[PDB]
$ cat query-v8.cif   # mmCIF, C-alpha atoms and all ligand atoms
data_final
loop_
_atom_site.group_PDB
_atom_site.id
_atom_site.type_symbol
_atom_site.label_atom_id
_atom_site.label_comp_id
_atom_site.auth_asym_id
_atom_site.auth_seq_id
_atom_site.Cartn_x
_atom_site.Cartn_y
_atom_site.Cartn_z
ATOM 1 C CA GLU A 14 219.269 80.835 89.719
ATOM 2 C CA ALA A 15 218.185 84.213 91.114
ATOM 3 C CA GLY A 16 221.093 86.054 89.417
ATOM 4 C CA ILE A 17 219.854 85.502 85.901
ATOM 5 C CA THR A 18 216.126 85.278 86.652
ATOM 6 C CA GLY A 19 214.333 88.594 86.059
ATOM 7 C CA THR A 20 213.620 91.364 83.575
ATOM 8 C CA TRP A 21 216.344 92.774 81.341
ATOM 9 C CA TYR A 22 216.533 95.399 78.676
ATOM 10 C CA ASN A 23 219.050 96.021 75.936
ATOM 11 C CA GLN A 24 220.493 99.060 74.150
ATOM 12 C CA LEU A 25 217.713 98.947 71.542
ATOM 13 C CA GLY A 26 214.987 99.146 74.252
ATOM 14 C CA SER A 27 214.055 95.455 73.808
ATOM 15 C CA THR A 28 212.797 93.518 76.893
ATOM 16 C CA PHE A 29 213.895 89.989 77.943
ATOM 17 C CA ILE A 30 211.892 88.274 80.726
ATOM 18 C CA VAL A 31 213.579 85.096 81.964
ATOM 19 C CA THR A 32 213.557 82.350 84.601
ATOM 20 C CA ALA A 33 216.635 80.280 85.133
ATOM 21 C CA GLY A 34 215.705 76.752 86.290
ATOM 22 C CA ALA A 35 217.764 74.530 88.569
ATOM 23 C CA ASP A 36 218.295 72.071 85.690
ATOM 24 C CA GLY A 37 219.981 74.732 83.489
ATOM 25 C CA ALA A 38 216.869 75.796 81.528
ATOM 26 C CA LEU A 39 216.086 79.315 80.431
ATOM 27 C CA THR A 40 212.445 80.088 79.776
ATOM 28 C CA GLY A 41 210.581 83.292 79.230
ATOM 29 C CA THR A 42 209.500 85.931 76.696
ATOM 30 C CA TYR A 43 211.248 88.491 74.471
ATOM 31 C CA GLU A 44 209.889 91.763 73.088
ATOM 32 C CA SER A 45 211.928 93.489 70.396
ATOM 33 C CA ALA A 46 211.993 97.241 70.033
ATOM 34 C CA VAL A 47 212.909 96.812 66.402
ATOM 35 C CA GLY A 48 212.327 94.828 63.269
ATOM 36 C CA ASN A 49 209.433 92.730 62.027
ATOM 37 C CA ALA A 50 208.172 91.968 65.554
ATOM 38 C CA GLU A 51 205.340 92.955 67.883
ATOM 39 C CA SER A 52 204.408 91.995 71.438
ATOM 40 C CA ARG A 53 206.065 89.038 73.283
ATOM 41 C CA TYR A 54 207.697 85.907 71.768
ATOM 42 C CA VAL A 55 208.561 82.694 73.533
ATOM 43 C CA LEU A 56 212.233 82.088 74.334
ATOM 44 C CA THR A 57 213.986 79.041 75.434
ATOM 45 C CA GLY A 58 217.634 78.400 76.216
ATOM 46 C CA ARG A 59 220.301 76.875 78.455
ATOM 47 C CA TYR A 60 222.867 78.243 80.935
ATOM 48 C CA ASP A 61 225.789 76.822 82.899
ATOM 49 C CA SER A 62 224.131 76.002 86.247
ATOM 50 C CA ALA A 63 227.552 75.253 88.013
ATOM 51 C CA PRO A 64 229.807 78.079 86.842
ATOM 52 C CA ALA A 65 233.378 78.682 87.938
ATOM 53 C CA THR A 66 233.431 80.788 91.122
ATOM 54 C CA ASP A 67 236.404 82.535 89.833
ATOM 55 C CA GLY A 68 235.444 85.953 88.431
ATOM 56 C CA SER A 69 234.332 84.460 85.104
ATOM 57 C CA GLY A 70 230.955 85.008 83.581
ATOM 58 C CA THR A 71 228.277 82.367 83.287
ATOM 59 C CA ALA A 72 227.859 81.037 79.764
ATOM 60 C CA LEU A 73 224.358 80.922 78.335
ATOM 61 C CA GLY A 74 222.219 81.266 75.298
ATOM 62 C CA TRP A 75 218.658 81.371 74.085
ATOM 63 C CA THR A 76 216.496 81.298 70.967
ATOM 64 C CA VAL A 77 213.487 83.335 69.842
ATOM 65 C CA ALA A 78 211.556 82.261 66.728
ATOM 66 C CA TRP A 79 209.760 85.358 65.549
ATOM 67 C CA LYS A 80 206.275 83.840 65.339
ATOM 68 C CA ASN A 81 203.608 84.622 67.858
ATOM 69 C CA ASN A 82 199.809 85.140 67.703
ATOM 70 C CA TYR A 83 200.337 88.622 66.265
ATOM 71 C CA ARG A 84 203.011 88.312 63.564
ATOM 72 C CA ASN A 85 205.364 85.858 61.771
ATOM 73 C CA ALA A 86 208.702 87.103 60.385
ATOM 74 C CA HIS A 87 209.886 83.625 59.265
ATOM 75 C CA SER A 88 213.162 84.165 61.158
ATOM 76 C CA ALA A 89 214.893 83.119 64.396
ATOM 77 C CA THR A 90 217.565 84.796 66.583
ATOM 78 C CA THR A 91 219.966 83.048 68.902
ATOM 79 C CA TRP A 92 221.883 84.972 71.475
ATOM 80 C CA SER A 93 225.076 83.455 72.773
ATOM 81 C CA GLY A 94 226.803 85.096 75.717
ATOM 82 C CA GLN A 95 227.655 85.318 79.325
ATOM 83 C CA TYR A 96 226.070 86.641 82.484
ATOM 84 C CA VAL A 97 228.198 88.840 84.664
ATOM 85 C CA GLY A 98 226.938 88.915 88.275
ATOM 86 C CA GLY A 99 227.305 91.495 91.036
ATOM 87 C CA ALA A 100 225.399 94.652 91.762
ATOM 88 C CA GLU A 101 225.402 95.941 88.103
ATOM 89 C CA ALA A 102 224.484 92.707 86.524
ATOM 90 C CA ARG A 103 224.867 92.328 82.703
ATOM 91 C CA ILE A 104 224.314 89.821 79.906
ATOM 92 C CA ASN A 105 226.867 90.414 77.098
ATOM 93 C CA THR A 106 225.865 88.692 73.921
ATOM 94 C CA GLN A 107 226.485 88.199 70.290
ATOM 95 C CA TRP A 108 223.586 87.100 68.119
ATOM 96 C CA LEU A 109 222.709 85.443 64.829
ATOM 97 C CA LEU A 110 219.359 86.160 63.093
ATOM 98 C CA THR A 111 218.528 83.721 60.327
ATOM 99 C CA UNK A 112 215.597 84.290 57.951
ATOM 100 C CA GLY A 113 214.007 81.485 55.919
ATOM 101 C CA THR A 114 215.152 81.975 52.349
ATOM 102 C CA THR A 115 215.176 80.258 48.952
ATOM 103 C CA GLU A 116 218.371 78.298 48.159
ATOM 104 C CA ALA A 117 219.380 81.136 45.777
ATOM 105 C CA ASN A 118 219.149 83.741 48.625
ATOM 106 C CA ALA A 119 220.755 81.590 51.377
ATOM 107 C CA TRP A 120 224.064 83.548 51.274
ATOM 108 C CA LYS A 121 222.085 86.572 52.612
ATOM 109 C CA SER A 122 220.027 84.594 55.162
ATOM 110 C CA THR A 123 221.924 85.629 58.316
ATOM 111 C CA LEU A 124 222.543 88.854 60.232
ATOM 112 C CA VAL A 125 225.052 89.168 63.011
ATOM 113 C CA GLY A 126 225.101 91.642 65.939
ATOM 114 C CA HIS A 127 225.798 92.170 69.620
ATOM 115 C CA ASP A 128 223.440 93.130 72.444
ATOM 116 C CA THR A 129 224.145 94.090 75.949
ATOM 117 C CA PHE A 130 221.455 93.486 78.524
ATOM 118 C CA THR A 131 221.090 95.293 81.846
ATOM 119 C CA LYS A 132 219.055 93.774 84.663
ATOM 120 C CA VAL A 133 216.072 95.763 86.029
ATOM 121 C CA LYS A 134 215.921 95.633 89.824
ATOM 122 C CA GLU B 14 206.460 68.855 62.516
ATOM 123 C CA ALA B 15 207.779 65.546 61.051
ATOM 124 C CA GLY B 16 210.661 66.853 58.801
ATOM 125 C CA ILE B 17 212.805 68.583 61.477
ATOM 126 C CA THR B 18 212.132 65.820 64.033
ATOM 127 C CA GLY B 19 214.720 63.097 63.900
ATOM 128 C CA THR B 20 218.342 62.265 64.255
ATOM 129 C CA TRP B 21 220.862 64.468 62.470
ATOM 130 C CA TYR B 22 224.597 64.504 62.072
ATOM 131 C CA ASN B 23 226.927 67.304 61.026
ATOM 132 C CA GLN B 24 230.221 67.409 59.010
ATOM 133 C CA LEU B 25 232.131 66.652 62.192
ATOM 134 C CA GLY B 26 230.066 63.560 63.095
ATOM 135 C CA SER B 27 228.289 65.219 65.982
ATOM 136 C CA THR B 28 224.769 63.843 66.741
ATOM 137 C CA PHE B 29 221.775 66.222 67.128
ATOM 138 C CA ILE B 30 218.624 64.398 68.237
ATOM 139 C CA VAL B 31 215.598 66.620 68.184
ATOM 140 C CA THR B 32 211.845 66.868 68.398
ATOM 141 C CA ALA B 33 209.890 69.699 66.871
ATOM 142 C CA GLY B 34 206.686 70.544 68.874
ATOM 143 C CA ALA B 35 203.603 71.654 66.883
ATOM 144 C CA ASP B 36 203.833 75.019 68.678
ATOM 145 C CA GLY B 37 207.465 75.918 67.735
ATOM 146 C CA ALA B 38 209.501 74.136 70.521
ATOM 147 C CA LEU B 39 212.736 72.263 69.730
ATOM 148 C CA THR B 40 213.822 69.805 72.428
ATOM 149 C CA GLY B 41 216.553 67.163 72.398
ATOM 150 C CA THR B 42 220.150 66.184 72.927
ATOM 151 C CA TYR B 43 223.505 66.964 71.349
ATOM 152 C CA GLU B 44 226.608 64.875 71.297
ATOM 153 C CA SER B 45 229.754 66.646 69.980
ATOM 154 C CA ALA B 46 232.520 64.692 68.232
ATOM 155 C CA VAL B 47 234.984 67.423 69.097
ATOM 156 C CA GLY B 48 235.926 69.801 71.865
ATOM 157 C CA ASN B 49 235.628 69.721 75.658
ATOM 158 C CA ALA B 50 232.607 67.464 75.552
ATOM 159 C CA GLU B 51 231.510 63.897 76.222
ATOM 160 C CA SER B 52 228.247 62.039 75.870
ATOM 161 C CA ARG B 53 224.896 63.887 75.407
ATOM 162 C CA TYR B 54 223.891 67.408 76.470
ATOM 163 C CA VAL B 55 220.425 68.921 76.797
ATOM 164 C CA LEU B 56 219.335 71.261 74.072
ATOM 165 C CA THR B 57 216.318 73.478 73.574
ATOM 166 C CA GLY B 58 215.364 75.900 70.960
ATOM 167 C CA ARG B 59 212.639 77.266 68.694
ATOM 168 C CA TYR B 60 211.603 77.157 65.080
ATOM 169 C CA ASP B 61 208.981 78.735 62.772
ATOM 170 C CA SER B 62 206.054 76.428 62.914
ATOM 171 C CA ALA B 63 204.291 78.125 59.947
ATOM 172 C CA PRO B 64 207.015 78.719 57.356
ATOM 173 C CA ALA B 65 206.410 80.720 54.179
ATOM 174 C CA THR B 66 204.455 79.403 51.252
ATOM 175 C CA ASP B 67 207.204 80.145 48.592
ATOM 176 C CA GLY B 68 209.678 77.266 49.140
ATOM 177 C CA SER B 69 211.774 79.225 51.640
ATOM 178 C CA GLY B 70 213.503 77.342 54.391
ATOM 179 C CA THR B 71 212.280 77.106 57.988
ATOM 180 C CA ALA B 72 214.133 79.417 60.397
ATOM 181 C CA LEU B 73 215.274 77.792 63.636
ATOM 182 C CA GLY B 74 217.797 77.955 66.446
ATOM 183 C CA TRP B 75 218.920 76.078 69.515
ATOM 184 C CA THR B 76 221.293 76.181 72.432
ATOM 185 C CA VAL B 77 223.436 73.734 74.347
ATOM 186 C CA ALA B 78 225.118 74.623 77.580
ATOM 187 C CA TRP B 79 228.122 72.299 77.844
ATOM 188 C CA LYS B 80 227.493 70.830 81.246
ATOM 189 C CA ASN B 81 226.161 67.359 81.857
ATOM 190 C CA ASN B 82 226.836 64.663 84.507
ATOM 191 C CA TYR B 83 230.300 64.001 83.096
ATOM 192 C CA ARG B 84 231.810 67.372 82.380
ATOM 193 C CA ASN B 85 231.363 71.111 82.505
ATOM 194 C CA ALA B 86 233.199 73.200 79.920
ATOM 195 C CA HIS B 87 231.658 76.495 81.274
ATOM 196 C CA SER B 88 230.541 77.364 77.711
ATOM 197 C CA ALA B 89 227.378 77.461 75.585
ATOM 198 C CA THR B 90 226.825 77.161 71.814
ATOM 199 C CA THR B 91 223.873 78.565 69.887
ATOM 200 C CA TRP B 92 223.114 77.424 66.354
ATOM 201 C CA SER B 93 221.063 79.723 64.143
ATOM 202 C CA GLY B 94 219.921 78.471 60.798
ATOM 203 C CA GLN B 95 217.310 77.040 58.583
ATOM 204 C CA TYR B 96 215.763 73.689 57.681
ATOM 205 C CA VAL B 97 215.443 72.925 54.013
ATOM 206 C CA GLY B 98 213.142 69.971 53.384
ATOM 207 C CA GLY B 99 212.791 67.692 50.352
ATOM 208 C CA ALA B 100 214.733 64.636 49.227
ATOM 209 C CA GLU B 101 217.987 65.278 51.076
ATOM 210 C CA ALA B 102 216.780 67.358 54.013
ATOM 211 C CA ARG B 103 219.324 69.658 55.507
ATOM 212 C CA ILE B 104 219.742 72.077 58.379
ATOM 213 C CA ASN B 105 222.291 74.736 57.442
ATOM 214 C CA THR B 106 223.562 76.684 60.440
ATOM 215 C CA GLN B 107 226.019 79.209 61.731
ATOM 216 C CA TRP B 108 226.969 79.020 65.464
ATOM 217 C CA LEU B 109 228.371 81.050 68.300
ATOM 218 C CA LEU B 110 230.213 79.300 71.190
ATOM 219 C CA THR B 111 230.741 81.596 74.152
ATOM 220 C CA UNK B 112 233.032 80.486 76.996
ATOM 221 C CA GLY B 113 232.687 82.097 80.416
ATOM 222 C CA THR B 114 235.596 84.487 80.845
ATOM 223 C CA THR B 115 236.829 87.372 82.922
ATOM 224 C CA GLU B 116 235.839 90.781 81.508
ATOM 225 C CA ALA B 117 239.561 91.184 80.676
ATOM 226 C CA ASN B 118 239.288 88.194 78.328
ATOM 227 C CA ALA B 119 235.799 88.886 77.022
ATOM 228 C CA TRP B 120 237.270 89.905 73.600
ATOM 229 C CA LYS B 121 238.343 86.290 73.144
ATOM 230 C CA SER B 122 235.267 84.596 74.599
ATOM 231 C CA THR B 123 233.340 83.723 71.392
ATOM 232 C CA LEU B 124 234.073 81.302 68.542
ATOM 233 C CA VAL B 125 232.034 81.367 65.318
ATOM 234 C CA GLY B 126 231.544 78.632 62.743
ATOM 235 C CA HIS B 127 229.116 76.865 60.494
ATOM 236 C CA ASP B 128 227.612 73.363 60.617
ATOM 237 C CA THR B 129 225.494 71.585 58.085
ATOM 238 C CA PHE B 130 223.340 68.686 59.322
ATOM 239 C CA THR B 131 221.770 65.811 57.397
ATOM 240 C CA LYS B 132 219.895 62.630 58.631
ATOM 241 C CA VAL B 133 222.833 60.329 56.893
ATOM 242 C CA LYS B 134 224.538 58.288 59.676
ATOM 243 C CA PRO B 135 228.426 58.690 59.589
HETATM 244 O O1 LIG C 201 212.874 91.258 62.056
HETATM 245 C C1 LIG C 201 212.824 90.085 62.460
HETATM 246 O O2 LIG C 201 213.029 89.154 61.635
HETATM 247 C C2 LIG C 201 212.454 89.760 63.896
HETATM 248 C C3 LIG C 201 212.868 90.797 64.975
HETATM 249 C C4 LIG C 201 214.408 90.841 65.065
HETATM 250 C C5 LIG C 201 214.887 91.733 66.202
HETATM 251 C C6 LIG C 201 216.423 91.587 66.409
HETATM 252 S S1 LIG C 201 216.981 90.126 67.263
HETATM 253 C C7 LIG C 201 218.582 90.815 67.461
HETATM 254 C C8 LIG C 201 218.374 92.292 67.745
HETATM 255 N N1 LIG C 201 218.169 92.494 69.168
HETATM 256 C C9 LIG C 201 216.965 92.970 69.443
HETATM 257 O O3 LIG C 201 216.543 93.211 70.567
HETATM 258 N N2 LIG C 201 216.312 93.111 68.328
HETATM 259 C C10 LIG C 201 217.059 92.726 67.149
HETATM 260 O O1 LIG C 202 234.538 72.816 73.832
HETATM 261 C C1 LIG C 202 233.533 73.238 74.394
HETATM 262 O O2 LIG C 202 233.524 74.265 75.110
HETATM 263 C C2 LIG C 202 232.255 72.420 74.285
HETATM 264 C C3 LIG C 202 232.041 71.644 72.966
HETATM 265 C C4 LIG C 202 231.913 72.510 71.679
HETATM 266 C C5 LIG C 202 231.648 71.733 70.400
HETATM 267 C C6 LIG C 202 231.404 72.663 69.167
HETATM 268 S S1 LIG C 202 229.794 73.401 69.196
HETATM 269 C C7 LIG C 202 230.205 74.011 67.609
HETATM 270 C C8 LIG C 202 230.798 72.841 66.817
HETATM 271 N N1 LIG C 202 229.816 71.908 66.322
HETATM 272 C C9 LIG C 202 229.927 70.671 66.841
HETATM 273 O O3 LIG C 202 229.235 69.696 66.536
HETATM 274 N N2 LIG C 202 230.936 70.696 67.726
HETATM 275 C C10 LIG C 202 231.554 71.986 67.825
#
$ encode --input "query-v8.cif" --output "structure tokens" --more "lines below"
Ligand SMILES: O=C(O)CCCC[C@@H]1SC[C@@H]2NC(=O)N[C@@H]21
Ligand SMILES: O=C(O)CCCC[C@@H]1SC[C@@H]2NC(=O)N[C@@H]21
Amino acid sequence: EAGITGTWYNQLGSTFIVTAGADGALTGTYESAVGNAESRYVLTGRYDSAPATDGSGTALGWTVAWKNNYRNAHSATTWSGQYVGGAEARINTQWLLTXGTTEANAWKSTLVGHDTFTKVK
Amino acid sequence: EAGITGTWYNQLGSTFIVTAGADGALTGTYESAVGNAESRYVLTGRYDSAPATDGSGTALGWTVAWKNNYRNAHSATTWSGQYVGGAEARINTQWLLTXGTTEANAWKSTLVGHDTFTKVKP
């Protein structure tokens, strides 16, 4: 899926590089502009490979665990969202970032936010 | 890693079958007991393959897009959470289910909830 496949940036200046496979897979790398992160992290996810043709977005999501060969934040973010095609293509998401915690600190394990991604072209 | 790998069930009786690669990959299938869903769906995700040394949980997350050979709900769920090992291992998660919508209806595109998984068969 050519629509989704490519390089994307969000409002924070973070970079998402993705390939959308015919079987519904998302694969690529994510670089965050912020937080306890440096360089590129592996991402994996899924997308609706037979969307409605109806002026609806394409549902998708992906996960980054924030461990690479440079740093380990002991945390993972999932972005859940939809892809909106056309000339000014966007991925509108909400996200959940969970950090590994003790049982006593589990109530404060999870941040929530929203990122909007613009495709670079 | 052996602890996350296995067959889990949540409070709804959904079945989450997963394998944790040495490297950080999660790969498996998900069968939901509820919603616009039947049979198994492909899932992939990631987890911290070197968790902290202080008895913290293991951060992890995965996605399912709700299309398989039977059905397509035009929606995707991501679970974000942590694995907590020991005697009664648990994966405690919060999730976001986004349905494809018009931009008009984008405000009402995303459900949020919370699932807890154990390896006890319903
Ligand atoms: O600090 C961490 O634990 C890891 C980096 C987190 C960066 C987050 S993920 C959601 C939000 N979107 C971004 O592009 N960066 C932040
Ligand atoms: O109805 C849909 O669009 C697809 C199925 C959604 C099932 C959800 S995912 C979150 C929650 N946890 C489950 O095990 N089932 C529901």
$ interface_residues --input "query-v8.cif" --of "chain A" --to "chain B" --cutoff "7 Å" --atoms "only C-alpha atoms" --output "short mmCIF file (atom, residue, chain, number, x, y, z; two decimals) with C-alpha atoms, keeping the file's coordinate frame"
data_model
loop_
_atom_site.label_atom_id
_atom_site.label_comp_id
_atom_site.auth_asym_id
_atom_site.auth_seq_id
_atom_site.Cartn_x
_atom_site.Cartn_y
_atom_site.Cartn_z
CA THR A 57 213.99 79.04 75.43
CA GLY A 58 217.63 78.40 76.22
CA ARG A 59 220.30 76.88 78.46
CA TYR A 60 222.87 78.24 80.94
CA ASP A 61 225.79 76.82 82.90
CA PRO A 64 229.81 78.08 86.84
CA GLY A 68 235.44 85.95 88.43
CA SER A 69 234.33 84.46 85.10
CA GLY A 70 230.96 85.01 83.58
CA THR A 71 228.28 82.37 83.29
CA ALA A 72 227.86 81.04 79.76
CA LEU A 73 224.36 80.92 78.33
CA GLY A 74 222.22 81.27 75.30
CA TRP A 75 218.66 81.37 74.08
CA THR A 76 216.50 81.30 70.97
CA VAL A 77 213.49 83.34 69.84
CA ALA A 78 211.56 82.26 66.73
CA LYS A 80 206.28 83.84 65.34
CA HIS A 87 209.89 83.62 59.26
CA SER A 88 213.16 84.16 61.16
CA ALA A 89 214.89 83.12 64.40
CA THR A 90 217.56 84.80 66.58
CA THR A 91 219.97 83.05 68.90
CA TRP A 92 221.88 84.97 71.47
CA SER A 93 225.08 83.46 72.77
CA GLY A 94 226.80 85.10 75.72
CA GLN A 95 227.66 85.32 79.32
CA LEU A 109 222.71 85.44 64.83
CA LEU A 110 219.36 86.16 63.09
CA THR A 111 218.53 83.72 60.33
CA UNK A 112 215.60 84.29 57.95
CA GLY A 113 214.01 81.48 55.92
CA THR A 114 215.15 81.98 52.35
CA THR A 115 215.18 80.26 48.95
#
$ closest_residue --input "query-v8.cif" --among "B:121, B:84, B:103, B:134" --to "ligand LIG 202 (chain C)" --atoms "all atoms listed in the file"
B:84
$ resolve_selection --input "query-v8.cif" --expression "the PyMOL selection byres (((not hetatm)) within 6 of (chain C and resi 201))" --output "short mmCIF file (atom, residue, chain, number, x, y, z; two decimals) with C-alpha atoms, keeping the file's coordinate frame"
data_model
loop_
_atom_site.label_atom_id
_atom_site.label_comp_id
_atom_site.auth_asym_id
_atom_site.auth_seq_id
_atom_site.Cartn_x
_atom_site.Cartn_y
_atom_site.Cartn_z
CA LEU A 25 217.71 98.95 71.54
CA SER A 27 214.06 95.46 73.81
CA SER A 45 211.93 93.49 70.40
CA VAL A 47 212.91 96.81 66.40
CA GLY A 48 212.33 94.83 63.27
CA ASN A 49 209.43 92.73 62.03
CA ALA A 50 208.17 91.97 65.55
CA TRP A 79 209.76 85.36 65.55
CA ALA A 86 208.70 87.10 60.38
CA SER A 88 213.16 84.16 61.16
CA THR A 90 217.56 84.80 66.58
#
$ atom_distance --input "query-v8.cif" --atom1 "CA of residue 28 (chain A)" --atom2 "CA of residue 134 (chain A)"
13.5 Å
$ resolve_selection --input "query-v8.cif" --expression "the PyMOL selection byres (((chain B and resi 45) around 10) and not hetatm)" --output "PyMOL selection string"
chain B and resi 22-23+25-29+43-44+46-54+79
$ atom_distance --input "query-v8.cif" --atom1 "CA of residue 29 (chain A)" --atom2 "CA of residue 51 (chain A)"
13.5 Å
$ atom_distance --input "query-v8.cif" --atom1 "CA of residue 103 (chain A)" --atom2 "CA of residue 32 (chain A)"
15.2 Å
$ residues_around --input "query-v8.cif" --residues "residue 20 (chain B)" --least-positions-apart "3" --cutoff "9 Å" --atoms "only C-alpha atoms" --output "number ranges by chain"
B: 17, 28-32, 131-134
$ axis_aligned_box --input "query-v8.cif" --around "region 68-75 of chain B" --padding-each-side "8 Å" --output "JSON"
{"center_x": 214.3, "center_y": 77.7, "center_z": 59.3, "size_x": 25.2, "size_y": 19.3, "size_z": 36.4}
$ closest_residue --input "query-v8.cif" --among "B:101, B:19, B:135, B:130" --to "ligand LIG 202 (chain C)" --atoms "only C-alpha atoms and all ligand atoms"
B:130
$ closest_residue --input "query-v8.cif" --among "B:82, B:66, B:42, B:129" --to "residue 24 (chain B)" --atoms "only C-alpha atoms"
B:129
$ resolve_selection --input "query-v8.cif" --expression "the PyMOL selection byres (((chain A and resi 34) around 12) and not hetatm)" --output "ChimeraX atom specification"
/A:14-19,31-33,35-41,57-62
$ closest_residue --input "query-v8.cif" --among "A:42, A:23, A:52, A:106" --to "residue 127 (chain A)" --atoms "all atoms listed in the file"
A:106
$ closest_residue --input "query-v8.cif" --among "B:35, B:124, B:15, B:104" --to "ligand LIG 202 (chain C)" --atoms "all atoms listed in the file"
B:124
$ residues_around --input "query-v8.cif" --residues "residue 132 (chain A)" --least-positions-apart "4" --cutoff "8 Å" --atoms "all atoms listed in the file" --output "list in words"
residues 19, 20, 21, 22, 101, 102 and 103 of chain A
$ write_last_selection --input "query-v8.cif" --atoms "C-alpha atoms" --output "short mmCIF file (atom, residue, chain, number, x, y, z; two decimals), in the frame of the given file"
data_model
loop_
_atom_site.label_atom_id
_atom_site.label_comp_id
_atom_site.auth_asym_id
_atom_site.auth_seq_id
_atom_site.Cartn_x
_atom_site.Cartn_y
_atom_site.Cartn_z
CA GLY A 19 214.33 88.59 86.06
CA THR A 20 213.62 91.36 83.58
CA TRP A 21 216.34 92.77 81.34
CA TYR A 22 216.53 95.40 78.68
CA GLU A 101 225.40 95.94 88.10
CA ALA A 102 224.48 92.71 86.52
CA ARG A 103 224.87 92.33 82.70
#
$ build_atoms --input "query-v8.cif" --residues "region 45-61 of chain B" --atoms "N, CA and C atoms" --output "mmCIF file, keeping the file's coordinate frame"
data_model
loop_
_atom_site.group_PDB
_atom_site.id
_atom_site.type_symbol
_atom_site.label_atom_id
_atom_site.label_comp_id
_atom_site.auth_asym_id
_atom_site.auth_seq_id
_atom_site.Cartn_x
_atom_site.Cartn_y
_atom_site.Cartn_z
ATOM 1 N N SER B 45 228.692 66.092 70.857
ATOM 2 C CA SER B 45 229.754 66.646 69.980
ATOM 3 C C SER B 45 230.903 65.685 69.765
ATOM 4 N N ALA B 46 231.292 65.455 68.517
ATOM 5 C CA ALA B 46 232.520 64.692 68.232
ATOM 6 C C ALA B 46 233.796 65.396 68.535
ATOM 7 N N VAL B 47 233.775 66.710 68.872
ATOM 8 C CA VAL B 47 234.984 67.423 69.097
ATOM 9 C C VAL B 47 234.800 68.326 70.288
ATOM 10 N N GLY B 48 235.930 68.799 70.813
ATOM 11 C CA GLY B 48 235.926 69.801 71.865
ATOM 12 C C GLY B 48 235.831 69.201 73.258
ATOM 13 N N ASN B 49 235.635 70.065 74.250
ATOM 14 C CA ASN B 49 235.628 69.721 75.658
ATOM 15 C C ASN B 49 234.199 69.234 75.995
ATOM 16 N N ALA B 50 233.926 68.007 75.554
ATOM 17 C CA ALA B 50 232.607 67.464 75.552
ATOM 18 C C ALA B 50 232.647 65.949 75.525
ATOM 19 N N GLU B 51 231.747 65.355 76.304
ATOM 20 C CA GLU B 51 231.510 63.897 76.222
ATOM 21 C C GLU B 51 230.058 63.574 76.473
ATOM 22 N N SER B 52 229.597 62.562 75.768
ATOM 23 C CA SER B 52 228.247 62.039 75.870
ATOM 24 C C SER B 52 227.235 63.142 75.400
ATOM 25 N N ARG B 53 226.004 63.057 75.879
ATOM 26 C CA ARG B 53 224.896 63.887 75.407
ATOM 27 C C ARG B 53 224.670 65.055 76.325
ATOM 28 N N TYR B 54 224.267 66.169 75.726
ATOM 29 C CA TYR B 54 223.891 67.408 76.470
ATOM 30 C C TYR B 54 222.477 67.793 76.046
ATOM 31 N N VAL B 55 221.753 68.414 76.986
ATOM 32 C CA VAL B 55 220.425 68.921 76.797
ATOM 33 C C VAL B 55 220.496 70.126 75.863
ATOM 34 N N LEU B 56 219.526 70.155 74.952
ATOM 35 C CA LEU B 56 219.335 71.261 74.072
ATOM 36 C C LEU B 56 217.884 71.679 74.015
ATOM 37 N N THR B 57 217.666 72.984 73.824
ATOM 38 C CA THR B 57 216.318 73.478 73.574
ATOM 39 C C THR B 57 216.438 74.642 72.624
ATOM 40 N N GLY B 58 215.361 74.916 71.953
ATOM 41 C CA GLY B 58 215.364 75.900 70.960
ATOM 42 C C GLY B 58 213.971 76.148 70.424
ATOM 43 N N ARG B 59 213.903 76.847 69.297
ATOM 44 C CA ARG B 59 212.639 77.266 68.694
ATOM 45 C C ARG B 59 212.764 77.241 67.203
ATOM 46 N N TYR B 60 211.635 77.134 66.520
ATOM 47 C CA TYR B 60 211.603 77.157 65.080
ATOM 48 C C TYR B 60 210.264 77.749 64.655
ATOM 49 N N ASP B 61 210.206 78.177 63.399
ATOM 50 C CA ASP B 61 208.981 78.735 62.772
ATOM 51 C C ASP B 61 208.090 77.585 62.395
#
